[PDB]
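*Asks:* First, the structure itself, so that you have it in front of you.
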Ligand SMILES: CCCCCCCCCCCCCCCCCC(=O)OC[C@H](COP(=O)(O)OCCN)OC(=O)CCCCCCCCCCCCCCCCC
Ligand SMILES: CCCCCCCCCCCCCCCCCC(=O)OC[C@H](COP(=O)(O)OCCN)OC(=O)CCCCCCCCCCCCCCCCC
Ligand SMILES: CCCCCCCCCCCCCCCCCC(=O)O[C@@H](COC(=O)CCCCCCCCCCCCCCC)COP(=O)(O)OC[C@H](O)CO
Ligand SMILES: Nc1nc2c(ncn2[C@@H]2O[C@H](COP(=O)(O)OP(=O)(O)OP(=O)(O)O)[C@@H](O)[C@H]2O)c(=O)[nH]1
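Protein chains in written order, with the deposited numbering: chain 1L, 547 to 606; chain 1K, 1 to 98; chain 1l, 35 to 96; chain 1M, 1 to 459; chain 1Y, 2 to 140; chain 1N, 1 to 347; chain 1O, 1 to 320; chain 1g, 24 to 122; chain 1D, 2 to 52, 64 to 73.
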């Protein structure tokens, strides 16, 4: 119940390896679901332009 | 930096914002694409004409001859999507979802 | 009846009574006489603990 | 080296252009011959490491591993040649190509003189192994197992690459000699703390350490036998070779930081051997057994005392030859019954008499009786660990008591019992199997006479 | 980096009200950035739904910063040790608890404490020893 | 497309990009970019399918404005400096405009959104030109002006490139889409050291181009576009799948394969500049690239996916394309690691 | 070279060599109606290269020596097995139709390549745009299931769209009772056991679904049994027809360059036939497929590339 | 049916064809040579001849030399009445301690 | 024999998204020939009124 199960095969596998897989996966579904509308793409360009020029103080 | 220079670059800035703020018409975006090269032409001309950079008068025309060349292909691109979709509406310009 | 759903991952495995293989009728025919086990009978989740040469739950007189 | 590396490389075109059926013959011929040549490096001079060229050098630690790897190469050939005899000539030739290439990297890695050159080939061993476990595996979980093995090793190795090049820019050259003679005190500081963690985690994952070890039960069990040996018999020690070399610079920060690793290995080795006390797959039984032995090597390195380093190499070599043996043993049954469950094939001494005897000495070597090299390694660590702390003998011996139960457990469950009634396909053991098993245990008991050769670089 | 200077200028273990309000601003500022992107790539419903999405994203980000700044500073006062990296860990991961509180998931809250606390501790090391992430080209 | 017209149109793109690397005038740099843009659109519209028009429209709409934005910082730099020479920019906001304009011509930051679909829509051969020849012209400008770019802006955009590129590849099916996300991840790799050292950016370029061009236009030899379609190729040409895995493993960068050439050299330079957190996270997310690299190799050669009975027909025939320069290109993209001192030659 | 881009650049036009005798006529009639006989006679009368209807081993005919290979090694489906057990779970029914349709793709590509490389006409028996009516007929009879229909339609949409229709199709109508009589005069035992229901199912969807829509892009001249025997007359009608439909009236060298480039690549013309759509009738598993391929590669002449198999006796193998 | 695959054929009894089968491959004659090569190129020359080479190697990591260097150092040191081995490792006279 | 991928293993990779969700639950995979299905053609022969009605294809009638 412990040792072989719980700690191993459940816990030690769900803390380091699988959680990193889940973290890499939850937003993988996101960053690969762009709706394909040109309006949304160029609107994200506006923000990326706006935040970089002055809001992040990237000029200086 | 005088006011006449400011009004042009600011016009470019608002032209840039409207270009990437696609409404439900590709022609309007193409029209708003038309803004900057004219703003670029105007902005370039005041700089070059003011500073008496005689040879640099090249570039204003050089700017226009090719910056209009995309408009040559862009309009045909617009009529191409309007020959299969029958509409310049950009909401249907998303067939490349997957 | 399956094991209690404590989240331990036991699944739908049957909760056979905690009774060692030592508590088997020796004279009854067994397909695995060294384990007193037949064929296809769903074996205990902890068979390798209640096996003949391990923990035995046979009733002591006292 | 050039005198071992070149013959190893030249086996590659030889096997490819060899005769249709003579591939197994010729490859076995010269791989044994190359191992004989590698016996020449077992000699070491007084204190200076045996140096041949700028890029290649050997010491009293690399050479005992070099002979082990080249001696292993014939063994995987014969063990795997049973089932591989039922596919295309190119497929079989591709396998022998891959073992030859895999061995080639191991020989060049162990004698690498530059730490960067060491890391390049140390991680390069992944590619030959990864394809072995995946392509020629005989299960379905191999697909997930290969990913687990590759990603665990790589996720730890990458910080090492960043850490290694940092030493190059700051200190200068990373030659294993110039590093030793120009050791500077790595003072305690948060940047040095992560410097210590990066240079150590890469080798810890490949040990594996308790917690960073779940790739082993998946990789080793699902891997083919030609692989199932090397992932347990040589390249785990490759992580060991990395530790004993990289810790030349990590002083005195190691003693302040070693505590989480020591407790994880020293306490986890009891838990890992407890898994072996209740297991269902024979391959998994030996796999978790390897973790317990390697965990004992993990703690052994970190005291950084003369006795610990000797017992480290002694157990490191002995376990590899041992754990390789048990995988051959599990292979023989797995071919006859076509399953890995322990209780399915109870009773083998009744049907196979000598197989029980080989199983007896195999389970005895893991039991580590005196004067077997396993015992001569574990005993040295116990004394070194006891000098470090008197309490650890409770944990150190507990495994020694626990390891007796499971090491004899498959002996009782498989051999010593009534033969299973329904099974009827057990055949008299082929003379290949018995000859292979003798090739494993005869050097081990012969090595008992002269432990000085394998005792390490501090004898 | 006016907001970044606003936070880092306040000495550790003092002016906790200023440190908290600076923490809210930094947490608030990143709230607008993520929400504005979310509205852009994913078109919401009518504007009231859009600001509802914007409000939620900003609220969590501000809340994570708010409690983190509070506990990261009072810990230095109470424990009388500002230099320790743990002084950021104990509050750095509590933001993960706050994220779990607004998302209603024990697993995601606990895992976020595992990660955010480590990163928050790492940030303290970065300021202490002299770590640089965007280092200028030196060689 | 009449072959004579097709050859001329590629030559113009050949000429347009070549003009950028040989120009010393800011206008002439913008001059070839517009010609290069003007010539690719017909090349992309090779099949005239509605998807191809979608890809061409997206590519034009994201590149023409970048050339327009390109001209904007040119005059502003002209306004504050008065010289068109390709040199350091003497006005900060112009170069802040410049880096974004050049990058979104390329796509590393959220600017990258056009790369995935546009690659998918166009043909496989057309996808090659966009992804192995269009990355030199913007990099040519960035190499020349690398002296004074803001390190904060460039590295952030490089981080986002490899982080977004690797993450999106995991959830992709069409081999064209994995190609775009793999390219996005690698472009951040090559441009991360761009402010620090320029030689190892060009190192990554030649290294990345060789493997990408080889494995793109080898995929053309397989005549497949989906993971399942690529999976079937083991039965027809198992050598192709075997070669597919070698470059795929090289694509990830596992030593001693030559795909580890850039990743190694990049970490060396960033470490030399005291930037050490930057490479480690940069190296970490490279595992995401390997995962879908490894997944594709799983379905290609490492296992055997089910085939189809009608595919027995293909065994009786053979390919007709002469795989121009293909065979040598795998060799120098998976085995050239021992030739590492060749870095000095690029300087 | 084999009409590469260099060839068309240097002057290898296609419309230059086309003459009015360049026709892609097909003779497609009912089952056992002697349409093959009429197709052969038309070829003899005109300058048309006759292409008899492709079978299971037509691919074998065009490859190697033309010797038919093992049925399992060359299709895995046999026509007579479908006759005896049309409802067998082995899927020999749909596999027979699907492989035959792929054989039709090769037949069309060979006809188009010869037509566009020599200018000679071609007469076909049951061209590409014919197999779909039997698939529908076999579907309604119940020999195959619905999922066979959608898959086959998927092949038709993906592949046949890339090709172009015939000039004027020749149709032969012979009544089903006479066809059921015509099967008996043959005497091949697998050919008697076929029911009149399937024969009827062939004919009704024929006149409802092949003649109507092909008529739009290619005229149809019906020839019943009495005029199916007539062959001198039928040539006159096809000569008195200008083919004002399809793309032939507006076909140029540019599209012909693309058409020959794709057709010459025999792999490409059926590259889209092996869609990863997995059907129980068509999906050969990994072990079975691998074993058959080993059988294929061990065969003579196929071990290496054509002209490079030293087993057959290709000399100079070290210098080619 | 779903899939068209041949099942697991069998586990070929290698002993059945040749009763003296050796367990290396199908073909007897090469298989007979297979022990003749693994035994000859194994036990004979890398195990027996291998052992004699390593066991009789020229002395490894000189000890009997170091054992030799003991007696004259101790004999010299004890005979003239000087402690047989000094506490300090390196000469301390030339050591310049800080301040 | 060693385990080999079956049809149920291929369906995992066969979808338009490797790891599907509620958003991708209806995303149809792209057509295999990459030619998306042509929708209804948008051509309108304006019935000209004269005075005789006229049905034109472009300019010519
Ligand atoms: C010492 C100085 C600083 C002191 C203060 C501490 C730092 C500031 C506060 C913490 C900032 C980092 C923590 C995350 C903040 C944003 C959280 C957020 O947006 O949560 C909402 C949402 C989570 O849920 P969601 O994924 O949308 O799924 C459910 C949908 N119904 O998530 C989203 O909608 C967005 C997607 C997930 C999050 C993406 C990453 C956001 C953070 C990026 C790094 C910010 C670093 C800031 C600090 C350093 C720079 C100043
Ligand atoms: C660095 C890490 C490792 C990187 C490489 C790893 C490679 C394998 C990785 C796994 C790949 C997936 C699993 C196996 C896939 C097999 C692919 C394949 O096509 O297999 C079947 C095929 C059949 O063989 P066939 O194509 O007919 O060619 C026979 C030789 N003419 O087989 C083949 O096509 C194979 C053909 C092999 C040809 C070998 C040629 C040898 C030449 C030797 C020259 C010797 C010169 C000696 C000179 C001496 C003096 C100096
Ligand atoms: C998968 C998660 C990680 C698994 C475990 C990996 C090992 C744990 C440690 C992680 C960090 C490894 C990277 C080490 C880089 C080289 C270390 C070294 O040589 O020490 C330097 C210290 O290294 C660092 O500063 C960086 C390492 C510390 C941790 C921060 C980055 C790593 C953690 C985040 C990325 C990895 C985690 C995964 C993310 C998805 C010394 O330089 P310095 O700081 O003194 O520089 C001079 C001056 O003082 C200022 O620079
Ligand atoms: N599945 C399938 N079977 C076909 C096709 N064309 C012909 N067959 C079969 O071919 C077999 C033999 O040819 P028949 O149909 O008897 O005759 P035919 O060649 O069409 O015409 P005749 O030459 O007049 O006899 C029959 O069993 C047909 O069903 C086709 O397109 N698909």
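Every residue, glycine too, gets a C-beta built ideally from N, C-alpha and C.
Out of curiosity, what's the CA-to-CA distance linking residue 21 (chain 1O) and residue 251 (chain 1O)?
*Replies:* So the alpha carbons of these two residues sit roughly 16 Å apart.
*Asks:* Quick check on residue 84 (chain 1l): buried or exposed, where buried means 16 or more other Cβ atoms within 10 Å of its Cβ?
*Replies:* It counts as buried.
*Asks:* Have a look at residue 14 (chain 1D) and residue 166 (chain 1N) and give me their C-alpha separation to the nearest angstrom.
*Replies:* Distance between the alpha carbons of residue 14 (chain 1D) and residue 166 (chain 1N) is about 18 Å.
*Asks:* Give me the Cα-Cα distance between residue 200 (chain 1O) and residue 181 (chain 1O), rounded to the nearest whole angstrom.
*Replies:* Rounded to whole angstroms, residue 200 (chain 1O) to residue 181 (chain 1O) spans 13 Å at the Cα level.
*Asks:* Have a look at 70 (chain 1g), 108 (chain 1g), 90 (chain 1g) and flag the residue whose alpha-carbon is nearest the alpha-carbon of residue 435 (chain 1M).
*Replies:* The candidate whose alpha carbon is nearest that of residue 435 (chain 1M) is 70 (chain 1g).
*Asks:* Name the chain 1N residues that come within less than 8 Å of residue 123 (chain 1M), Cβ to Cβ?
*Replies:* Near residue 123 (chain 1M) (Cβ distances below 8 Å), the residues of chain 1N are 254, 255.
*Asks:* Which residues in chain 1L sit within 8 Å of residue 83 (chain 1l), going by Cβ to Cβ distance?
*Replies:* Residues of chain 1L passing the Cβ test: none, with the nearest at roughly 11 Å.
*Asks:* By the criterion of Cβ-Cβ separation under 8 Å, what are the contact partners of residue 140 (chain 1M) in chain 1D?
*Replies:* Under the 8 Å cutoff, chain 1D gives 4.
*Asks:* Short of 6 Å in beta carbon distance, which residues of its chain neighbour residue 131 (chain 1N), apart from the five on each side in sequence? Order them along the chain.
*Replies:* Once the five neighbours on either side are set aside, the close Cβ partners of residue 131 (chain 1N) are 183.
*Asks:* Determine, using beta carbons only, whether residue 93 (chain 1K) and residue 54 (chain 1N) come nearer to each other than 8 Å.
*Replies:* Contact flag set, yes.
*Asks:* Would you list the residues whose beta-carbon is nearer than 6 Å to any heavy atom of ligand 4, in the order they occur in the chain?
*Replies:* Result: 31 (chain 1O), 32 (chain 1O), 33 (chain 1O), 34 (chain 1O), 35 (chain 1O), 36 (chain 1O), 53 (chain 1O), 79 (chain 1O), 96 (chain 1O), 97 (chain 1O), 100 (chain 1O), 126 (chain 1O), 130 (chain 1O), 131 (chain 1O), 134 (chain 1O).
*Asks:* So which residues of chain 1O does residue 33 (chain 1D) contact, with C-beta pairs closer than 7 Å?
*Replies:* Per Cβ cutoff of 7 Å: 158, 272, 275.
*Asks:* Under 7 Å Cβ to Cβ from residue 156 (chain 1O), same chain only, skipping five residues before and after it: list those, please.
*Replies:* Correct list, in chain order: 132.
*Asks:* Does at least one heavy atom of ligand 1 sit under 7 Å from the Cβ of residue 118 (chain 1Y)?
*Replies:* False, no ligand heavy atom lies under 7 Å from that Cβ.
*Asks:* May I ask you to check if the CB of residue 280 (chain 1O) is nearer than 7 Å to at least one heavy atom of ligand 2?
*Replies:* No, since every heavy atom of ligand 2 falls outside the 7 Å radius drawn around the Cβ of residue 280 (chain 1O).
*Asks:* Out of curiosity, what's the CA-to-CA distance linking residue 31 (chain 1K) and residue 74 (chain 1K)?
*Replies:* When rounded, the distance between both Cα atoms is 11 Å.
*Asks:* Buried or exposed for residue 63 (chain 1N), please, with buried defined as at least 16 other CB atoms from any protein chain shown within 10 angstroms of its CB.
*Replies:* Answer is buried; the Cβ neighbour count reaches 16.
*Asks:* By Cβ distance, which residues of its chain are closer than 8 Å to residue 15 (chain 1M), with the 5 residues on each side in sequence left out?
*Replies:* Around residue 15 (chain 1M): 23, 26, 27, 93, 96, 97, 100.
*Asks:* Could you tell me the distance, in whole angstroms, from the CA atom of residue 597 (chain 1L) to the CA atom of residue 605 (chain 1L)?
*Replies:* Going from the Cα of residue 597 (chain 1L) to the Cα of residue 605 (chain 1L) covers about 11 Å.
*Asks:* Taking the alpha-carbon positions, what's the residue 2 (chain 1M) to residue 50 (chain 1M) distance?
*Replies:* One C-alpha to the other measures close to 14 Å.
*Asks:* Kindly list, in the order they appear in chain 1K, the residues whose Cβ is closer than 8 Å to that of residue 584 (chain 1L).
*Replies:* What residue 584 (chain 1L) touches in chain 1K: 22, 90, 93, 94.
*Asks:* Our contact map puts residue 277 (chain 1N) next to residue 132 (chain 1Y) with C-beta atoms below 8 Å; I'd like the distance itself, whole angstroms only.
*Replies:* With 8 Å as the limit, residue 277 (chain 1N) and residue 132 (chain 1Y) qualify as a contact, their Cβ atoms being about 6 Å apart.
*Asks:* With a CB to CB cut of under 7 Å and the five nearest residues on each side skipped, what residues in its chain are close to residue 58 (chain 1Y)?
*Replies:* Within the same chain, residue 58 (chain 1Y) has close Cβ partners 32, 35, 36, 39.
*Asks:* Less than 6 Å between C-beta atoms, sequence neighbours within five positions excluded: which residues of the same chain meet that for residue 54 (chain 1g)?
*Replies:* Counting only Cβ-Cβ distances below 6 Å, and skipping sequence neighbours, we find 45, 47, 48.
*Asks:* For residue 50 (chain 1O), which residues does DSSP report across the bridge?
*Replies:* In the DSSP output, where bridge partners are listed per residue, residue 50 (chain 1O) has 123 (chain 1O).
*Asks:* Please list, in chain order, the residues of the region 106–131 of chain 1N that have any C-beta partner in chain 1K closer than 8 Å.
*Replies:* Flagged, chain order: 117, 118, 120, 121.
*Asks:* Does the separation of the CB atoms of residue 32 (chain 1M) and residue 67 (chain 1M) fall below 8 Å?
*Replies:* No, the pair does not count as a contact, with Cβ atoms beyond the cut-off.
*Asks:* Looking at the secondary structure, which residues open and close the beta strand (DSSP E) in which residue 224 (chain 1O) lies?
*Replies:* It spans 219–224 - the beta strand (DSSP E) in which residue 224 (chain 1O) sits, taken as one unbroken run.
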